[PDB]
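Read through the structure below, which is laid out as structure tokens, and then see the notes.
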């Protein structure tokens, strides 16, 4: 029963450290390579979706989740932690902006919500943080195209381009040069493929790579095959076939 | 039921009727009409029976507690307001209370507060409550005089009651008289209306100035 | 002293916390109870230990009813047994009111069972430490079930437990094997008495009082009853016959 | 540190015993019950020449015929004193008559056990039981004058005399010889102070003692300081004339 | 009702509040201050039921006085009014509403101007030079709009209020026995103990 | 969890939390109250060597609970604010229910109960601040000065000092003030308080803050300037022996 | 057991202040600086941005500068996470006060609610305190400009120039010396920019490695107009002072 | 070691006894001795009242709980009080609701559950008290022994409190005589005063502060105190 662990399970020291967090930050590094590029001409996200057994399918595994029709998220760390936090992140996005304010949430304000949950599960005793870091990419007319990281700390920051999981330091570096202010979405898909090629080989084919874009979309799936009220959501996630085809022209 | 209380030089005069009825036939000439909370506070019965009864013993618990704990004489001013504040909570709960909260403390002198189920608390020299009240008010008002002696004050009180007794049939079994002092209340006996009627009708010559 | 002996707010490296393991060990140094499944019923028997002449014969009873047709006896820690049964009652009554029928034995088993499991996933709520032999008859037959500390239960056809387990189980399997399942309910009473008498040989520094009951479809007419009078004298006779006397 | 379920070998929690030790370090309180009165004396104690008299509580009224003396911490007895007034007031509302000495005592001591996050039809939520014992005196029509000793461990004994303090040793032994079935109210007050001056290491005065008694003549009466001094002055003569 | 008037002169707020409670033939009580001083430059006058009045009054004075010490300065007439209305608007939904409709006569002592507020028992808020409660206004708005125009000294306000009260007692059948007059300014709250032509 | 063993007795009979509370008081500022018999003077230290702050954004040492009830403290700032909020709610509730302007003692009973409360029972930890609650009860010419502790005890006291240099100021009150015969002049009561806090603050009149309360709501806090003229006077009395 | 897995550290040290609280202060002194300067025709706030790189978005410097009101803004020293919870509650408290009394919250009134919660966080629950100190910048029409600070100890003071976060001693020392009360906004900025230089050791200091805001009287208000500078505006003022650093 | 099975209500042993049960058993002995004996028509409790201070006055420590029920204690008095409190409440609720008069076995079972809930949280506790409950219902006479360990046996005779073994050995011998003697009080009472005097070996026997309590067919619940125990010494 409750009421046995009502002391926090982060405490300070004169080095100011929070035990739980340092351990959890390490977990993010040990994830798979996931990256984000803002090309300032859209946003492109890519990650590796990979088997863990020879008879495990990868077409039942995604690391790309939709949070709302037009905000997408990607992560590195613990699989479970990501799904459970994602449910709660979904909850607030839908009930508190689409009913109250009648529209989709602004990214930065949704970045504030997701942070607050993670910081809260550290402040309250008896429970730990989530051992993940998420990259929340979204688009709005008001803010343009945007990209933030929210840490396991419940700290946030914006990042023009970043990578997390295994091969973090080198992946970000190569990217920074290849990242222009004014960058074409096709070239920005190649750079992502190219990076993930440097992390992994001997199991690197295009149908094990899952890439999603913020920019181009399909109106025909948003119920605007007929006359539109408006264009609608800008996120559309690629299928495997599209990914493989571009990998040949890499 | 007609009850009056007036403030004068000697303390407080409280005068009340008693009457219990089965029909219009006077079943008993008897029933309380001063609820003696403690010797320093009186609350007079002119409301619902149960309502008055329940809250006025409960008021006795708050007075006793305040003096036991805080070692301080409780005011009449405090007694009425504790009462009024609870009353407003039980308002529109079916409450019927008409009481006058009487005391004579060191720090205020004789103080009479009218308290009703509406939660109203008013300080006054003179309050009459009832339904023979307008007629009872007449006798009192036309012979009112603040500077008066306790004995003569008692006679005026009792004639006022009589006046209201004769016309209105919800009073007039008997009269109980009490004079409330500093050190506590002094009972001034129980007077039969039969014997009291013939003396007054002849004696007072008010509404009787040519005898009727 | 590892927090796998002071808390159950974790999983163990042995897949169970030490204190639950210990409950299983304390059932076995205890008192003997059996249960005999037969082709039309179930029979229960328990050994009641005599330590003084100050005890009264059959005015302390260990077999307690739930409903009117399910009989429960248990071995092990006395307080834990009261609490298990009190629960067993609340389920049984809720079932009768709500569905307008006496409760099935695989159903009844899932309800107690889930509650024994609950008290074994909290770091400060005591486990149970009784093994309960229980059963009765319903509208698709007789059933004998046995419930353990850990929340473990299966259906049995013969069951034994306690100090004299080894002996008891030996006689009991021989007889069950010999029979289609256990033969008649009536035959089974005597047999049951032999096992308990035989188990008592493993503890002769105390006396026993043989206590039997039964619950049989056409040999109690659906009810659970205590076994007494003639039927108890006969089982005694049979028992003292084989184990010499 | 120490659990709310961690016993000694004898069934008794650490925390319970430990309260009982702090009790004995308080101030001296002595009560003697006869069938002519119960006299209560306490040392009030002046903690400085600039501490004002009768601002420190050692003689409290539970009701107008009912008193208590305390020993231990003074704030810790306040939660008890509150509960005891409340019990008295309520019984009188409901039943229009007096609470018995026993009854009153039981009601406080049921709620002095407690502690921990337990419950069983009793609400327990304290971190500690109270650090204070109280000698609860009253007179009731049935049993007359009685004296009861309340332990905050949920334990209660009926008494005809008891002394507690750090001066307990001298005072209980003296009390046994001094005890009799009846003796006059004035002899009793004088005699109490005599016992107090003995276990006291310093000069006994009225700026560190307050007396009190309970009468059927006029209920709970604190026997005040001016009146008490004049008796202490007689004490000096009678005592240096046995010497 | 309880007849409650107000007039805002150039430096002050003069508020007129009945001095009697009349029960059939005779005045049962005739010493009636039907107004309560919140603060030395906040006054509120009242009409409604007799019981609501004092119960609200005392609750509200206590809250304001708590705010005055906590924040260490006297709360504006503006601060009190927004507070007063918001509590009344809630009460209507509940089983028991406070059924007092009010006139708050204040000196804004921080910018030096008098202000008069009529706030209804529901919560209907208005600022006015002069206002009245009930059926009063049919007759007395007809004298005040016609004979008065702003920027008239305090004494002229006294004479106008008496003419209004006389017409009410004559022609309207309600009976309230004149007015007891109180003036709210920077010098505080003063009783006008005359009502003879004032 | 946290509803238990914050507070328990030792077998030595000390309480942990109370014992570490009294230590915050000795460390903190200094407050003293001296009573006349028709005044009460409250003198306070506020000690800062850093000179880059004003008095009008640093909280005052004497806070009003009512116009005729004042509160002084020594200890943590944080904790003291909690206590102050209860005392204002208790002043206005008393005025409401008993219809009497407040008695100063009853208010002590409320602040003291809270202080007792978090010690006796878990789910809250105790305070680390001691207070002086002083004022005038209505219809009294007689001054009231009280002390309440984290224990939750209280008692009434003729002059009393807490905080840094309790010993020094104590000796001074023992040898220069009496319970029996105090100052009878307002002036002499001011002189005495300044004399006591001057020996300990180790600054002029620019870090002693005097507030004098004469009967029923009459409060004037003398300024740095006014205190200095007595400070001069004091150096003159002391140069009759130097 | 698990009643002894309690940390018991939100109780007092003998040092007159809780363990966790004292340790937390250290944490602040290891995160970003905030500097608060109160002027006689403004309030100037400077903060040095912790990590600045191309991989970050450099055009954002509201990462620690939030306006709570129309005329109140705060500066953060501590961690983002810790901050956010108090920011949101101060914002609501502003709106409760506004709504009740029809007037904006005074700077000390606002400070005092935040500080009573910070204390609260250790006072109820046993949970850990914050790791944030604010320096509050605001105007009120009863005292002129007010500039305050609160810490997770719940002690607050007002100052005419203060620094919190790392390098408190160094910055405070310089501030006390150059301070005047005839300074203007522009004289303060110059001053601010000198101090910041002397605490940072570099070849050069760039405009995107700073977060800056000043709250001046303005020329579109008799109130106070809050100007939140962004990198490119930091670049301009750096020319204007002619202080390249 | 100690700290594993002490305060920890959630733990077990291979043996099934924790330290908290063995201390509880010792606590019963540190109260005064009280003996029980019954026939089939009466049940008796003989209990010694011996003060624990010099000045202390004798008070009842056998408590009548209902017309057909009571208990005597041995062990810890607060622990004894809470249970007695719950049992008086329980007695009422059965009488109003079901008109049910309790047999000892039923109450007992209730009693085990109560202790059991408090040995499933650290904030509650186990007890430190044994009780001998007598009652006469329509199944004859009864005497029960209640233990904090939840072992309830209804017995003809027992003793709990210090020095139990004097009395037990006598009680097992005079067993056969006493159980067949029905409708006669005085012999069973007298025999109880003899039993309890074998429990004592070095501790006084008081001839006016002994208290004997009886229930039965012809006896509603009476405690004989003072004078009225004389003719059974």
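Chains as they are written, first to last, in full-length UniProt numbering: chain H, 1 to 250; chain B, 76 to 287; chain Y, 5 to 249; chain A, 9 to 251; chain X, 1 to 198; chain S, 3 to 244; chain W, 2 to 246; chain G, 2 to 234. Idealized CB from N, CA, C, for every residue including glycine.
Which of the three DSSP states, helix, strand or coil, is assigned to residue i?
{"i": "residue 146(X)", "result": "helix"}
{"i": "residue 83(W)", "result": "helix"}
{"i": "residue 215(W)", "result": "strand"}
{"i": "residue 179(A)", "result": "helix"}
{"i": "residue 15(G)", "result": "coil"}
DSSP puts residue i in a beta bridge; with which residues?
{"i": "residue 51(W)", "result": "Bridge partners of residue 51(W): none, in fact."}
{"i": "residue 139(H)", "result": "145(H)"}
{"i": "residue 214(B)", "result": "Bridge partners of residue 214(B): none, in fact."}
{"i": "residue 36(G)", "result": "47(G) and 160(G)"}
Give me the Cα-Cα distance between residue i and residue j, rounded to the nearest whole angstrom.
{"i": "residue 217(A)", "j": "residue 178(A)", "result": "18 Å"}
{"i": "residue 126(B)", "j": "residue 171(B)", "result": "7 Å"}
{"i": "residue 109(B)", "j": "residue 112(A)", "result": "32 Å"}
{"i": "residue 161(B)", "j": "residue 99(S)", "result": "11 Å"}
{"i": "residue 206(B)", "j": "residue 70(X)", "result": "49 Å"}
{"i": "residue 12(S)", "j": "residue 23(A)", "result": "8 Å"}
{"i": "residue 171(S)", "j": "residue 192(S)", "result": "15 Å"}
{"i": "residue 113(X)", "j": "residue 67(W)", "result": "38 Å"}
Going by DSSP, what residue range makes up the beta strand (DSSP E) through residue i?
{"i": "residue 57(G)", "result": "Unbroken run through residue 57(G): none, as it is neither H nor E."}
{"i": "residue 230(G)", "result": "Taken as a continuous stretch (DSSP letters only), residue 230(G) belongs to no beta strand (DSSP E), as it is neither H nor E."}
{"i": "residue 182(X)", "result": "179–185"}
{"i": "residue 88(A)", "result": "Not the beta strand (DSSP E): residue 88(A) falls in the alpha helix (DSSP H), residues 84–103."}
Would you mind reading off the limits of the alpha helix (DSSP H) that contains residue i?
{"i": "residue 241(B)", "result": "225–242"}
{"i": "residue 21(W)", "result": "20–29"}
{"i": "residue 273(B)", "result": "268–278"}
{"i": "residue 179(W)", "result": "169–179"}
Going along the segment 88–101 of chain A in order, which residues come within less than 7 Å of chain B, judged by CB to CB distance? Taking 7 Å as the Cβ-Cβ cut-off against chain B, the residues of the segment 88–101 of chain A that qualify are 93, 97 and 101.
For the segment 217–235 of chain B, list every residue whose C-beta sits within 7 Å of some C-beta in chain X, in sequence order. Against chain X - using a Cβ distance shorter than 7 Å - the segment 217–235 of chain B contributes no residues.
Listed in chain order, which residues of the segment 251–270 of chain B have Cβ atoms closer than 8 Å to some Cβ of chain X? For the segment 251–270 of chain B, the beta-carbon criterion of a distance under 8 Å to any beta-carbon of chain X is satisfied by none of its residues.
Within 9 Å of chain W by C-beta, residues of the segment 123–135 of chain Y in sequence order: Within the segment 123–135 of chain Y, the qualifying residues are 127 and 128.
Identify each residue in the segment 75–104 of chain S for which the Cβ-Cβ distance to at least one residue of chain W is less than 9 Å, and report them in chain order. Of all residues in the segment 75–104 of chain S, those with a C-beta nearer than 9 Å to a C-beta of chain W are 77, 78, 79, 80, 81, 83, 84 and 87, reading in chain order.
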